[PDB]
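Q: Can you read through this structure? Questions will come right after.
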Amino acid sequence: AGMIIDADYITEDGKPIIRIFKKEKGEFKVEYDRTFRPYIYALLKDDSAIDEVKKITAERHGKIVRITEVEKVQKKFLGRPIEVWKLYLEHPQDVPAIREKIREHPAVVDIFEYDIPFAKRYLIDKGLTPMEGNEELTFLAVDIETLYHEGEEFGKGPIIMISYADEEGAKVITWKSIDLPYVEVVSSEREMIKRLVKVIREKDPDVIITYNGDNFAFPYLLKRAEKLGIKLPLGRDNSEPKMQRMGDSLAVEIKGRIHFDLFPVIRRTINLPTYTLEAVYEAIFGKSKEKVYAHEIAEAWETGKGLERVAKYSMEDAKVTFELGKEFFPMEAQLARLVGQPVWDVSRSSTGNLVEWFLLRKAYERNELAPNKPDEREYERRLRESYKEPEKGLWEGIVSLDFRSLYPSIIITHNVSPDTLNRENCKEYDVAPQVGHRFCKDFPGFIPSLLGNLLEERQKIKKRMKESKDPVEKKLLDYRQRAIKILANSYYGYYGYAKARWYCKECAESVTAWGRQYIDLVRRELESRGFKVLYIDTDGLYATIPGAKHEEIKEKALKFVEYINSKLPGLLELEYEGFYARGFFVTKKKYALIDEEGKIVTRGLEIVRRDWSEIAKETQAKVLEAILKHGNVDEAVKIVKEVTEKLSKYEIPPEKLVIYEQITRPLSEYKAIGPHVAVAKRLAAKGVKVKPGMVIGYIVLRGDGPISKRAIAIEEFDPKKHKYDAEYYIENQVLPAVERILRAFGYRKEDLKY
DNA sequence: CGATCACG
DNA sequence: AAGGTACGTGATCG
Ligand SMILES: [Mg+2]
Ligand SMILES: [Mg+2]
């Protein structure tokens, strides 16, 4: 009746209850369902076996687990009818307890759909789609500033400012006197945290926007709330924000709301060497943002001087986080709806996992038994499966062309699907060029069928946009057709994704083989037009007209795409991505370009990370600037020769030689003792409370042996007594950072010293 | 070398 | 207050 924003489950008297969080004509509504039961499927060697199989037992929470009910069902598997048994369980946590007991059984051929989280199982099976309708959501951006000193335990320093922003403006809560109109002064860290809780409960936002709140703002708020003995009842059910382990990093959920962390979103959507809020804001809104570094914040807080500067930075962090959230949420909301899963989960997923959620829902709709995810063995074998070289030098006036909108059409016309591949007793088939894979034409494949529907749906949205005089629906429909384009263009890549259920190596190669015929046509037609192709990948190409005027290159390129699209049948489409003033290419997905506005765009080259020393990062940025901004590779080579000589002669300040690496576990848990851990053990031995989250700063000293034995804690480094390892900083830091870039110009590691 | 570890 | 724990690249260890 309203708009679904999330779904989860609660346990009551040992039984699961599904919770559906809704927004209905401006109001928060929570619907409960007690009737949905967890299940798996089992393919048996013979029907007789069910009598033995239904009697399988497990143990969970001290008590035994049973198969509640069994049901024989007819489904489709590998494009063939299949008879399997639906095995019902009492609680979803029963599934991981009993699934291997069922799989182990001598009469069970295989088990299926045994790793689908219960709340997602519910949404699929009940045919429920989140984010449908015109329902208007409310938003709040939240940020925090902490007092930090070098290499402190996560949460030792207090939170000193909390900022938030809305359409009503950006505000700061602090516990020191600062005279600014947007600053609220409270008495303590405890009262500042309680004020944020009060702001969230009163504003009752549907969406809480953060910039990396999954790993910084919420874990820190929770750590300080713990130390202070106070609760954070931010959930609409008064629950505290909940930390979820996603990879090695975290994910924070706020119940009844959408915690929208922009950090994974922006990282997926745009290409930047660093994802600082300042770099991101400038990239999206073309406006500069000032950074106030942690050491400046500590100095201002401790001295009590220059606090206005810190409060302005805190306020801007919230204000720009609000603006970025409003910019990036509409597309995440349309992707959620398209795949039929909540924004929380979708905003945190790869495109491959978006495809899998879309396929799982469509598989239920079409009574198609879903394949299983590969085991560790199969996953590694897929990674091991096997399926031009760029022009050297510095090129000017580079035009970029995108091929990606070609592949969905190839999958559909050739019926490329795992269920149509090398079918026995097939009457008509398509044979892939060179590779020779045969795709049955007798029935539309599961994937080609879905893709066709997706593409038809996009054409209908586009037709509705041309015929619409309402700018509000035109905006919404624009996000919708874009969301379809993103999902449709992810299928080619998905066929080759090693963790995919509907993984198909032969599908991916066949699509590559058929796609190549069009790529060779584009290449030939460009070359006859005077263009030189500098780089080609399955995704696109880069070309120039050697020694031509920039507007002439653009005009001819724009005319070229207009022409090719008129020659290519159907929905096969070439796209002019952009233009670059300069660029160079090293190998596949290793290149660097500069646009006409001076913005450097690189792929697979930059080392902007804390585990690389400043000297290596500084040298790399300088080499890229000499090449792209100055068009001078000889300047770049001289930069490297000068830096290495300076390292040899001990002319580089020790602060530019520090390496930072986080401690992620108790020190005794390490299998390999890397330099940061060798340093950490020595600190612990000295009485330092070494805990996970600590970031270890070290300098590699001159000497015999591996680097771990020669690493020193930065706080212990004495320039008089210690001598850094110049050979380590030259060969393991500086030269690796620049050798890949310079290789594009004919230099070897050996050519970059005197 | 393969295993282990960390970055964003 | 559930809920399977990404992914891909590169460096140093053992
Ligand atoms: Mg959830
Ligand atoms: Mg901040």
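For the first sequence, the residue numbers in the deposited numbering are -1 to 385, 391 to 757. Beta carbons are placed, not taken as given, at the ideal position from N, Cα and C, and that holds for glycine.
1. With the cut-off set at 8 Å, would you say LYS84 and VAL71 are in Cβ contact?
2. Can you have a look at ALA675 and say buried or exposed, based on whether 16 or more other CB atoms are within 10 angstroms of its CB?
3. Just grab the DSSP bridge partners of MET241 for me.
4. Thinking just about the alpha-carbon of each residue, which of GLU69, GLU81, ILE96 and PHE406 is nearest to the one in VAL107?
5. Cβ of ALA334 versus every heavy atom of ligand 1: is any distance shorter than 7 Å?
6. May I have the straight-line CA-CA distance separating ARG364 from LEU126, to the nearest angstrom?
7. When you measure from the CB of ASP204 to every non-hydrogen atom of ligand 1, does any distance come out below 7 Å?
8. What first and last residue would you give for the beta strand (DSSP E) that runs through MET1?
9. Flag this pair as yes or no: are the beta carbons of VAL250 and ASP202 separated by less than 8 Å?
10. Helix, strand or coil for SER175? Go by DSSP, reduced to three states.
11. Leaving out the 5 sequence neighbours to the left and right, which residues in its chain are closer than 6 Å to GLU719 when beta-carbon positions are compared?
12. Within the same chain, show all residues whose beta-carbon is closer than 7 Å to that of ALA368, passing over the 5 residues directly before and after it, in chain order.
13. Taking only three categories from DSSP, how would you classify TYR545?
14. Following a CB-centred definition, is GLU664 positioned closer than 7 Å to any heavy atom of ligand 2?
15. On a Cα-Cα basis, can you pick out the residue from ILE450, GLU67 and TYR579 that is closest to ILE54?
16. Sorted by chain position, which residues of the same chain lie with C-beta nearer than 8 Å to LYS488's C-beta, five sequence neighbours on each side aside?
17. Are the region 578 to 589 and the region 391 to 409 in contact at 8 Å, needing three or more beta carbon pairs?
18. Select from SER569, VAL63, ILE268 and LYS20 the residue whose C-alpha is nearest the C-alpha of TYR37.
19. Three-state secondary structure (DSSP) at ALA675?
20. Leaving out five residues before and five after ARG193 in sequence, what residues of the same chain have Cβ atoms less than 8 Å from its Cβ?
21. Is it the case that the CB of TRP355 approaches a heavy atom of ligand 1 more closely than 7 Å?
22. With 16 as the cutoff for other CB atoms within 10 Å, does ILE268 come out buried or exposed?
23. Hey, would you say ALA298 sits closer than 8 Å to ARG307, going by beta carbons?
24. With a CB to CB cut of under 6 Å and the five nearest residues on each side skipped, what residues in its chain are close to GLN339?
25. Look at the alpha carbon of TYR410 and the alpha carbon of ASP44, and state the distance between them as a whole number of angstroms.
26. Which class does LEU631 belong to by DSSP, given the choice of helix, strand or coil?
27. Closer than 8 Å is the cut-off here; do at least three beta carbon pairs connect the region 412 to 424 with the region 443 to 462?
28. Our contact map puts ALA117 next to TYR7 with C-beta atoms below 8 Å; I'd like the distance itself, whole angstroms only.
29. Please go through the same chain and pick out, in chain order, the residues whose beta-carbon is closer than 8 Å to the beta-carbon of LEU755, but skip the five residues on each side of it.
30. In the DSSP output, which residue or residues are listed as bridge partners for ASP164?
31. With distance defined between alpha-carbon atoms, name the residue in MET129, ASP177 and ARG483 nearest to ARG335.
32. Is DSSP giving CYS443 helix, strand or coil here?
33. Is it buried or exposed for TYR291, if we count other Cβ within 10 angstroms and need 16 for buried?
34. Mind checking who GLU81 pairs with in its DSSP beta bridge?
35. With a Cβ-Cβ cutoff of 8 Å, do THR144 and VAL205 count as a contact?
36. Among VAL611, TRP173 and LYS169, whose alpha-carbon lies nearest the alpha-carbon of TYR180?
A: On the basis of the supplied data:
1. yes
2. exposed
3. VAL250
4. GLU81
5. no
6. 15 Å
7. no
8. 1 to 10
9. no
10. coil
11. none
12. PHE110, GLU111, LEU358, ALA361 and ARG504
13. strand
14. no
15. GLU67
16. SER408 and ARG461
17. yes
18. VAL63
19. coil
20. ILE160, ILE171, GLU182 and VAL184
21. no
22. exposed
23. yes
24. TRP355
25. 42 Å
26. helix
27. yes
28. 5 Å
29. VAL640, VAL643, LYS644, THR647, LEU738, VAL741, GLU742 and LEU745
30. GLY167
31. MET129
32. strand
33. exposed
34. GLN72
35. no
36. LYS169
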